[PDB]
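As structure tokens, the structure follows; a few thoughts come after it.
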Amino acid sequence: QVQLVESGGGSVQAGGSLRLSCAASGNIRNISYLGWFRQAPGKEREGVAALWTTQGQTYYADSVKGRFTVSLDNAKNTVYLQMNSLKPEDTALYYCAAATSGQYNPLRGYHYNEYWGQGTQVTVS
Amino acid sequence: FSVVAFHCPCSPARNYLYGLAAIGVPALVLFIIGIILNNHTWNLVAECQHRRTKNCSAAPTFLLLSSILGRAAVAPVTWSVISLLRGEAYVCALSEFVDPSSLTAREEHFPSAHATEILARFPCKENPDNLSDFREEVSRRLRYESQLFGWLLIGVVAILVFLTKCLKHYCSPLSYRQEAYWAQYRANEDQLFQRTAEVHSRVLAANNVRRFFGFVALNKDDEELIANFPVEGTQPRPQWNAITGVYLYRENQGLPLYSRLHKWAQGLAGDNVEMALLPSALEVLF
Amino acid sequence: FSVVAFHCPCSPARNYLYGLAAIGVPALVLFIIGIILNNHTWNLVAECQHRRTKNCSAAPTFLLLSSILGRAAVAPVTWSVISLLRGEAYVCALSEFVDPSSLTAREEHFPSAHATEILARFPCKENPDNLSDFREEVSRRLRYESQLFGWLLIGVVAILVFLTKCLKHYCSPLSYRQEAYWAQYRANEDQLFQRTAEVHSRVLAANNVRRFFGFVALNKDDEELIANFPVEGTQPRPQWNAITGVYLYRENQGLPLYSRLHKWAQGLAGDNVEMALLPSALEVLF
Amino acid sequence: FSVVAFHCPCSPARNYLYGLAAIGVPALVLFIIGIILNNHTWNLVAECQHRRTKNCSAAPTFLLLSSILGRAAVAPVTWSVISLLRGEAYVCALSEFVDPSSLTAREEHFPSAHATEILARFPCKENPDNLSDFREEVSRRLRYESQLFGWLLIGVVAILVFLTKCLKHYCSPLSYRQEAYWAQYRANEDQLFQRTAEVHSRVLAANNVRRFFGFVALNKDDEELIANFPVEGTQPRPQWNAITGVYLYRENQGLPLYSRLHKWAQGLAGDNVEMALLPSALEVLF
Amino acid sequence: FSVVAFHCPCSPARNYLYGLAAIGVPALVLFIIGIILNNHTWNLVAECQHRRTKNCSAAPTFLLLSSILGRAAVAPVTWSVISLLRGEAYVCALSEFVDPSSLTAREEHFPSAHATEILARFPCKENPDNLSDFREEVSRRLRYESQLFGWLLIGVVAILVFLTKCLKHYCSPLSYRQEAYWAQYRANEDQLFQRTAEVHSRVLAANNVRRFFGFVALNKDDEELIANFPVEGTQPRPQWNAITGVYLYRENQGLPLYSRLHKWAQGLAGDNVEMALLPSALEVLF
Ligand SMILES: CCCCCCCCCCCC(=O)OC[C@H](COP(=O)(O)OCC[N+](C)(C)C)OC(=O)CCCCCCCCCCC
Ligand SMILES: CCCCCCCCCCCC(=O)OC[C@H](COP(=O)(O)OCC[N+](C)(C)C)OC(=O)CCCCCCCCCCC
Ligand SMILES: CCCCCCCCCCCC(=O)OC[C@H](COP(=O)(O)OCC[N+](C)(C)C)OC(=O)CCCCCCCCCCC
Ligand SMILES: CCCCCCCCCCCC(=O)OC[C@H](COP(=O)(O)OCC[N+](C)(C)C)OC(=O)CCCCCCCCCCC
């Protein structure tokens, strides 16, 4: 029902600036979890940042504090991320993910909805 | 075995209740066991569960229920046949209802003071010697009725087993040889699936125990199982769901499919996250 | 075994019903079992099913029905012969119909008060001592009639078995040696087809289980079966239909064909889609 | 075996107490044994211990308690069924409560002087010969009631076993085949974990004994165990705690997890020092 | 076996003393054997010996004493249960205390001349025929009380075994799986330590005998023991003392220690000369 379109990938040397966009189409009313993830070959997937539409607060990873930022356009219902001071460690596949709360009943467990979108971001040097 | 031996309580309105209990309860237990042991009731229940919308039509559900009940009712029917042919339960139950007027084979020596009580006391040998002929007159009558009912039951059951099969072959769209092949395939698939499930579970458990202790104490056959069959992961829940349920002979591109495991293997069976261990990765981050 | 022991109810209009039930019902059950176990009734049913237009002539259907009934009636006939030669059922059934006037071997001591009741009570030893000679006079008569009927039945059955075969060899267009070869071929074909169907089903089930789990837990003989005999797919439904039914010795180019499996293998047996899993690919696209 | 033989004390207000004790106490012992031997009560206790805050909801605790009690109650139920079908305990307990007015099958010879005492003395054959018919009249009645209760118990138990399973498959979020696989995995995991715990403990003990004496006297199988499986250390207490407790089918990334040992092995289970041998190194310095 | 057969002395104030002796003395002997055979009492004694200052707190000593007594009391409890269920000892002991007034089931024929003597003489069949009913009236009463006490004892013991374990798992800081591993380790350590102590002692004795005679007459297994396991010296007395005593699960650096032999091997257990053979070397010089 909800699709995420991600764009902005490219090759930028170290110290450059990049702006990656993720547009959400569909039932965005129930979504409360907006963030980005990066995964690289030979290792698992980790989250650079995420934000709370319900509460307002935000989290950045340790490698993201003071280097990269993420903003939300409520009018556009889109997610923008700004990669500043690029490093060769940032060569990874990037995805934007949305989740709609998650309700835990003790007998069965957590239930929610999750969405994903495939993108890439590789720095030459 | 001597515990379940029949003991007729020679009392009016009391012996037929005991006979009814002591005959029906074993029959009910055998019927329940036959229902439970069959695996068709369980995938019927699985269909009613996962469909959750009464999607299945009346005809297939009726056919499956009829098959399950017919397979289960074999043991109760033969138990009832044996009990009827024995005659003890029926004479015990119907002794008190014998009409004294219809009694014969002796002069009219039967008292009318307490007719029901003496008639009910006949089975336990507590018959007055002056009524020694009447007791036998009733014993040969009620037992006869019991055995007659048993033989009629065997006749009706045989007729039903004949007619049901004669209709099953007549109305089936398949030939009987192909249905025999299908039955052989179902048996082989069930046995092989159970064996491989056991082996896969053992290998997965061995991997987990190795992760815990650093090694596994395995027997030689277990060592052969571990060496020959390595497991990388567990099959997902939807993969299991795709093979559980009722199946009625679909055909793909003119080629028969004999089970939903076969249909899944051919590739014809295969957003929202349920019963997850932890929240979405976005929530795990916080 | 002691359950099915004969127990004559010594009562008028009641003992012959019990005898009729206790003799016919086992005979009916044996007849039903003989009908069911035979495979000729089933391919006759398959012919009547797939033809669906009464295409077959009266002569072949009559011949097949006669053969099926004759093969099935062996067990009821011998059961009836044994029951008649025993004599218990017949004397129990016909005790009440003995004419008191025709009784002999003693002075006329037989009462006419309740003749039928005493005559019916003869089998259960409930004979008055003054009629001790009459009871034996009836016992040696009715039993004699029973045994006579049994021996006449054996004679008639033997005559029929002789005559039927004498006509089967006389009217058959084939020689008896060729028919013996045909019977040997039919037996071998049936056994080999069953064995290969079992093996093929096992291999297909193993392939499906391997597709599910990633491996199969097979025994050494099962490993040999999998290695030696690989299966690529399932035979179509029309291929199965082409070998199920009745066959009456057709000949192709002067060479005999002994079964419709043989006829199909020679190539003499082989738009609309039925019982499909999913609609046409055009409908699947939408 | 002859020690536990039933001996009815024929005395009013005394025989039913003996029957109650001699029937319930074996049932209570069997119930206690069933509770103790089960390992689900122990990890339920471990959950209530480590959680220490009543964190678990009412539904899972209720389900586990129901399962434990149902598995334990099998032996008491069959013991009670056998005792009821025997009839000795029930007649001994209820002899003194038989109403003399309701007594029948004989003329009114029952004294009203000490009715309760004679009624209670019936089971021990201490019945006056003038009341020989009354004693049997009571013996066939109370025993009948006993056997009736036994058969009703078997019927109710069978109905409950049917209904509980019919609801367990209906309300479970998993299919029955996946639950069978889960049960097979649990059995294999338990056996393998016990075997490897035994081997690991033996190897650790051998290392300690070698440290003490300078060598270990080991058998050939023990030598193979030592050579094949070397141990470097002991698993920490939190590692043991992470695998002890109750588990209810969590799922990680769409892949099933079948036990908390499996969940720990996947890595989803894993400042203050407790029960230490010696103080902190800073305190050891002084 | 026939020696220990019960023989009731039918005398007042004399039979209950005999019953008390003949029941308690076997129970006391079994309790003593259970205490002696257990090794926990001995290392408790070793702790009380080497500590020599009442250093241990009340709680651990109480727990060890409770465990030792509970393990020892199994045999006395079952012996007492069997003796009570037999009924001979209790009827012999309590025959003389039966109240003649409470006697029933017969007209008042009981003399009041020497009531106690006849009541005490009941068990030895020395009952006057006029009191034949009274003797049985007492026999069925006192035996009933005996069996009732036996069944109550079994019930209480089962309840205690349930409650004690339910508290042991609840109050223990460890999980039940870790405690099972600990028990397995303790068993393996004990067996291995005993075996290696035997082998080490044999090798040391062989070395001494070789020193005496110049050679040792050894069997093939003894030759293998000598070749494989050489001993250089004997472990000191403090090394033995460091592993004897009570141990309560200390933990070092987050790693469990399961015995004081393990703790010593890890190095966490290890001026004045005692019980020396000869004086100091300075005194030996003179
Ligand atoms: C201990 C055994 C000793 C031998 C005696 C019993 C014979 C066993 C072998 C044949 C059984 C068999 O094959 O029965 C199978 C059929 C089931 O037919 P369906 O439900 O239409 O399913 C279609 C066929 N399937 C299952 C292949 C898909 O059963 C019956 O229809 C009759 C069963 C007889 C008992 C119930 C009769 C009705 C209740 C009583 C009414 C008064
Ligand atoms: C338990 C066995 C012990 C031995 C006793 C029985 C002999 C068995 C061996 C020979 C049987 C056999 O071969 O019978 C076969 C024939 C079938 O002939 P068809 O129907 O024309 O088919 C043509 C032949 N085929 C089948 C090769 C194609 O049967 C009969 O015609 C008679 C069977 C006897 C019982 C029925 C008789 C009629 C009913 C009774 C009337 C009062
Ligand atoms: C010596 C044995 C001989 C055979 C006779 C007994 C049959 C044994 C095989 C079936 C047993 C079984 O499988 O029982 C299991 C169930 C447990 O169901 P649950 O508690 O909801 O757990 C859910 C199922 N689990 C355990 C798989 C998670 O038990 C019952 O619900 C009924 C047990 C019968 C005795 C108690 C009935 C109620 C008390 C009496 C009220 C008057
Ligand atoms: C010949 C045997 C046949 C079978 C019959 C007996 C059952 C044996 C298996 C279970 C025994 C067991 O395991 O008992 C063990 C416990 C010991 O518990 P604790 O002292 O707190 O130690 C804690 C547990 N430990 C030892 C693991 C550390 O014992 C009891 O608490 C009760 C023993 C029953 C007899 C004494 C009861 C009190 C005296 C009588 C009061 C009227």
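Within each chain, counting starts at residue 1; across the structure tokens, chains are named A, B, ... in the order shown, with ligands numbered 1 upward in that order.
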Show which residues sit within 8 Å of region 100-105 of chain C, as a ChimeraX atom specification. Count only C-alpha atoms, and ignore same-chain residues fewer than 5 positions away.
-> /C:110,115,133-134,137-138
Within 9 Å of residue 79 (chain E) using only C-alpha atoms, minus same-chain residues under 6 positions, as number ranges by chain | E: 23, 26-27, 30
May I have the selected residues written with N, CA and C atoms, as a compact mmCIF listing (two decimals), in the first residue's frame?
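So out09.txt came out as:
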```txt
# COMPACT_ATOMS: atom_id res chain seq x y z
N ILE E 23 9.82 -52.19 65.54
CA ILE E 23 9.61 -51.25 64.45
C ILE E 23 10.66 -50.14 64.46
N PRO E 26 14.76 -51.26 63.60
CA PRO E 26 15.11 -51.26 62.17
C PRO E 26 15.11 -49.87 61.55
N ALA E 27 14.16 -49.02 61.95
CA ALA E 27 14.14 -47.65 61.44
C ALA E 27 15.37 -46.88 61.89
N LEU E 30 18.37 -48.12 59.88
CA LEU E 30 18.36 -47.58 58.52
C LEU E 30 18.73 -46.11 58.51
```
List the neighbours of residue 93 (chain D) out to 12 Å using only C-alpha atoms; skip same-chain residues closer than 4 positions along the sequence, and give me the result as a ChimeraX atom specification.
-> /D:7-23,84,87-89,97-98,119-123,142-143,145-146
Closest of E:70, E:155, E:233, E:150 to chain D, counting only C-alpha atoms, is E:155
Interface list for chain E, partner chain D, 7 Å threshold, only C-alpha atoms, as a ChimeraX atom specification | /E:85-86,140-141,144,148,151,155,158,162,170,175,177-178,181,184-185,188-189,192-193,195-196,199,229,250-252,254-256,261-262,265
Can you spit out the residues from that selection as a compact mmCIF listing (two decimals), in the first residue's frame, using N, CA, C and O atoms?
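Printed below is part-v2.txt as written:
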```
# COMPACT_ATOMS: atom_id res chain seq x y z
N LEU E 85 1.25 -50.25 57.01
CA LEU E 85 0.29 -50.83 56.08
C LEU E 85 0.10 -52.32 56.31
O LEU E 85 -0.96 -52.87 55.99
N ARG E 86 1.12 -53.00 56.85
CA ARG E 86 0.93 -54.40 57.23
C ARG E 86 -0.12 -54.54 58.31
O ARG E 86 -0.99 -55.42 58.24
N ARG E 140 -10.56 -55.71 62.63
CA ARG E 140 -10.86 -54.84 61.51
C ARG E 140 -10.77 -53.36 61.87
O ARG E 140 -10.65 -52.53 60.97
N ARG E 141 -10.81 -53.02 63.16
CA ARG E 141 -10.72 -51.63 63.58
C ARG E 141 -9.26 -51.17 63.68
O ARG E 141 -8.87 -50.17 63.07
N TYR E 144 -7.47 -51.09 60.47
CA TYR E 144 -7.91 -49.93 59.70
C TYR E 144 -7.14 -48.69 60.13
O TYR E 144 -6.69 -47.91 59.28
N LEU E 148 -4.74 -46.48 57.74
CA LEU E 148 -5.02 -45.06 57.61
C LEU E 148 -3.79 -44.22 57.93
O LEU E 148 -3.47 -43.27 57.22
N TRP E 151 -1.30 -44.48 55.03
CA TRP E 151 -1.66 -43.65 53.89
C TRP E 151 -1.49 -42.17 54.18
O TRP E 151 -1.05 -41.42 53.29
N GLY E 155 0.96 -39.57 52.16
CA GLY E 155 0.50 -38.27 51.69
C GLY E 155 1.36 -37.12 52.18
O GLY E 155 1.74 -36.24 51.41
N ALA E 158 4.83 -37.21 50.49
CA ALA E 158 4.74 -36.70 49.12
C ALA E 158 4.59 -35.18 49.10
O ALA E 158 5.23 -34.51 48.28
N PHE E 162 7.29 -32.56 47.49
CA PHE E 162 6.90 -31.55 46.51
C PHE E 162 7.29 -30.14 46.97
O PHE E 162 7.90 -29.38 46.21
N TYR E 170 13.03 -22.38 43.85
CA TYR E 170 12.60 -20.99 43.91
C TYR E 170 13.65 -20.10 44.57
O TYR E 170 13.90 -18.98 44.10
N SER E 175 19.90 -21.28 37.95
CA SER E 175 18.85 -21.92 37.19
C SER E 175 18.91 -23.43 37.39
O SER E 175 19.92 -23.98 37.83
N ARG E 177 18.81 -25.82 35.08
CA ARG E 177 19.70 -26.47 34.13
C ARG E 177 21.15 -26.38 34.59
O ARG E 177 21.91 -27.36 34.49
N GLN E 178 21.56 -25.22 35.10
CA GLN E 178 22.92 -25.08 35.62
C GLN E 178 23.13 -25.97 36.84
O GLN E 178 24.22 -26.52 37.02
N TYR E 181 23.72 -29.42 35.58
CA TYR E 181 25.11 -29.52 35.12
C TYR E 181 26.07 -29.64 36.30
O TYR E 181 27.03 -30.41 36.25
N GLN E 184 25.91 -33.19 37.65
CA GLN E 184 26.65 -34.08 36.77
C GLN E 184 28.15 -33.93 36.99
O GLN E 184 28.89 -34.93 37.06
N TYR E 185 28.62 -32.69 37.12
CA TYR E 185 30.04 -32.45 37.37
C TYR E 185 30.47 -33.05 38.69
O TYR E 185 31.56 -33.63 38.78
N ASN E 188 30.81 -36.87 38.30
CA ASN E 188 31.98 -37.23 37.52
C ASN E 188 33.27 -36.97 38.29
O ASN E 188 34.20 -37.79 38.26
N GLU E 189 33.34 -35.84 39.00
CA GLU E 189 34.53 -35.53 39.78
C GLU E 189 34.76 -36.56 40.87
O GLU E 189 35.89 -37.01 41.08
N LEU E 192 35.98 -39.92 39.21
CA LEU E 192 37.33 -39.81 38.67
C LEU E 192 38.36 -39.66 39.78
O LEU E 192 39.45 -40.25 39.70
N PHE E 193 38.05 -38.89 40.82
CA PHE E 193 38.98 -38.72 41.92
C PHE E 193 39.22 -40.04 42.64
O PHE E 193 40.36 -40.37 42.98
N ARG E 195 38.95 -43.09 41.35
CA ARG E 195 39.71 -43.97 40.47
C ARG E 195 41.19 -43.58 40.44
O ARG E 195 42.08 -44.43 40.54
N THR E 196 41.46 -42.28 40.30
CA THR E 196 42.85 -41.84 40.24
C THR E 196 43.55 -42.00 41.58
O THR E 196 44.75 -42.26 41.61
N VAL E 199 44.62 -45.61 41.62
CA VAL E 199 45.76 -45.86 40.73
C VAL E 199 47.04 -45.27 41.32
O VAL E 199 48.11 -45.90 41.29
N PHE E 229 51.37 -44.26 34.08
CA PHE E 229 51.24 -43.27 35.14
C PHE E 229 52.39 -43.37 36.12
O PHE E 229 52.36 -44.21 37.03
N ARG E 250 30.95 -20.49 44.99
CA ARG E 250 31.57 -19.20 44.75
C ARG E 250 31.84 -19.01 43.26
O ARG E 250 31.88 -19.96 42.47
N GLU E 251 32.00 -17.74 42.87
CA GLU E 251 32.22 -17.37 41.48
C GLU E 251 33.43 -16.46 41.40
O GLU E 251 33.55 -15.52 42.19
N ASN E 252 34.33 -16.74 40.46
CA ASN E 252 35.56 -15.98 40.31
C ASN E 252 35.59 -15.34 38.93
O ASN E 252 35.57 -16.04 37.92
N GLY E 254 33.42 -13.76 37.24
CA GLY E 254 32.27 -14.08 36.43
C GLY E 254 32.22 -15.50 35.92
O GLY E 254 31.33 -15.83 35.12
N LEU E 255 33.15 -16.36 36.35
CA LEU E 255 33.19 -17.74 35.91
C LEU E 255 32.86 -18.66 37.08
O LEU E 255 33.47 -18.53 38.15
N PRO E 256 31.91 -19.58 36.92
CA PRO E 256 31.52 -20.43 38.04
C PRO E 256 32.61 -21.40 38.45
O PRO E 256 33.40 -21.88 37.63
N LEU E 261 37.82 -28.62 44.81
CA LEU E 261 38.89 -29.15 43.96
C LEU E 261 39.07 -28.28 42.73
O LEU E 261 40.21 -27.97 42.35
N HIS E 262 37.97 -27.87 42.10
CA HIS E 262 38.05 -26.94 40.98
C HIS E 262 38.62 -25.60 41.42
O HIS E 262 39.47 -25.02 40.73
N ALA E 265 42.30 -26.04 41.91
CA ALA E 265 42.99 -26.15 40.63
C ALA E 265 43.14 -24.79 39.96
O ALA E 265 44.16 -24.51 39.32
```
